[PDB]
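Quick notes on the structure that follows.
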Amino acid sequence: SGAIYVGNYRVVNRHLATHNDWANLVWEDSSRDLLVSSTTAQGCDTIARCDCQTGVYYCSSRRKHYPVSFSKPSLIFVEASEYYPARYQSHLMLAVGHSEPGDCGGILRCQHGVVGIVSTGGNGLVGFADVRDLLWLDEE
Ligand SMILES: [Zn+2]
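Each residue of the sequence shown is one higher than the one before, starting from 386 at the first, in our numbering.
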């Protein structure tokens, strides 16, 4: 589990969104596994605005943060997981690393802020849903 809290936005994996998230929806995209809901309280996370390909992610199933290199956001074929069939997922970045379903929502961060959240795992790879292109998170 996990979210990003920026301004009056909460960013979560679409497959983990709550009723309250859907009841306060701003934007969602199944192909990216993202959903954004509105918040009453201001959040303090900063979204990275950059093309970094190195950073650190949180892996809850190891209670550890791992430094990783990660690929550019792309349309990637993902094998079946416990929460999606095998399919193409968009805006996804891969690294070599551990990721199980409970790790979804863990933050990937670079020097500029939050890059994205864990979304995929298996075959020794971890996939992150990028948020750096969602420039509207920075305003309004
Ligand atoms: Zn960066």
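By construction, the Cβ of each residue, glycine as well, lies at the ideal position given by its N, Cα and C atoms.
The three-state secondary structure of residue 486, taken from DSSP, is helix. Contact between residue 398 and residue 492 is absent: CB atoms are separated by about 12 Å, not below the 8 Å threshold.
Beta-bridge analysis with DSSP links residue 439 to 454. Residue 519 sits in coil when the DSSP states are folded into three classes, being neither helix nor strand. Per the coordinates, the alpha-carbon of residue 392 lies some 9 Å from the alpha-carbon of residue 431. Remark: fewer than three beta-carbon pairs, one from each stretch, lie closer than 8 Å, so the region 401-413 and the region 455-464 are not flagged as touching. A heavy atom of ligand 1 is found nearer than 6 Å to the CB of residue 495. Relative to ligand 1, the beta carbon of residue 480 is positioned no closer than 6 Å to any heavy atom.
Distance from the CA of residue 414 to the CA of residue 470, rounded to the nearest whole angstrom, comes to 16 Å. Per DSSP, residue 480 is one residue of the beta strand (DSSP E) stretching across 472-481. Residue 523 counts as exposed, since fewer than 16 other C-beta atoms from the protein chains shown sit within 10 angstroms of its C-beta. Ranked by Cα distance from residue 472, the first of 516, 418, 509 and 518 is 418. For residue 405, the enclosing alpha helix (DSSP H) covers residues 404-408.
For residue 494, the secondary structure class from DSSP, reduced to helix, strand or coil, is strand. Residue 515 places its beta carbon less than 7 Å from that of residue 478.
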